[PDB]
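Here you get one chain, nothing else, as structure tokens; it is the form solved without its partner chain.
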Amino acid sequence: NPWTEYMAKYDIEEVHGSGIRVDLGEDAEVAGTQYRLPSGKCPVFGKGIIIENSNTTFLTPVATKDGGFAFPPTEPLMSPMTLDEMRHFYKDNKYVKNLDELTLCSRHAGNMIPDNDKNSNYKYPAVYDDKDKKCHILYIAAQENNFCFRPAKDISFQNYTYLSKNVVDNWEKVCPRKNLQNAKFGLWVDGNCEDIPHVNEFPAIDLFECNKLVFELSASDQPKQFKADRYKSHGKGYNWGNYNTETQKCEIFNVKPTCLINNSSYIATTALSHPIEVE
């Protein structure tokens, strides 16, 4: 297979290694109590949390119901923090001050000590906003309870990225970001790229809507409505989609693709990918 190195970033089980829709792939103790927490290695582009029966945004600081998920004001203000503010804050750290914006936001979130437990290895996840270039540390790591809420790729979230404590600093190289124009995922079989044998097909008016559906069926560490390894997806799920732009059909599958097929009717997407950007 000549596609192997090219297709490496679409090996979501290997490069991300945790849930996507709900990422709770690791465990950590805080003050004698065990907590699940996000652990996936790639940024999830366009993911946010919708709070049901409410009109406060999840990026709103947590209440101290009328609050969101984000860290409450601190002295000095750790969250939210702009890109520039973060680069100044980690002035004396050679490795961190030159990190890309997403990894930096992840690391900065990871510097928050959880609840007077200086001994815990629990690290908060974060959301980075490409628009205002702001890092939001998430106080609440929970992603679905449907105070009812659910993970989603909403139009309002398209400049957001959801970031676990484990986001690698070379994600720009090893993680999916942009969708592939004029291309369809396939499987290398008997010396050439053939079509995925079994796909689930659903309607999607555009690429964004197809990305949303793949997200909904993607690797998830919690059923859509515990401690054992079996509730940890390790990135296994319906993480890939072939969007047929001509027929407005989203072809979703759960076997990892091992090559591409040129096809002007298609855009190839993953649950990690930006819901809009193409290349």
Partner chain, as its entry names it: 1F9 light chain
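Residue numbers count along the first chain shown, from 1.
There is another form of the same protein, the form deposited with its partner chain bound; it is not shown, and what comes next is about it.
Enquirer: Even though the partner isn't displayed, in the deposited bound form is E85 close enough to its partner chain, meaning a heavy atom within 4.5 Å?
Expert: Contact check for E85: yes, within 4.5 Å of its partner chain in the deposited bound form.
Enquirer: May I ask you to check whether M81 falls inside a 4.5 Å heavy atom distance of its partner chain in the deposited bound form?
Expert: Output for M81 is yes: heavy atoms within 4.5 Å of its partner chain.
Enquirer: Would you mind checking 91 to 109 for residues with a heavy atom within 4.5 Å of its partner chain in the deposited bound form?
Expert: Stretch hits, in order: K91, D92.
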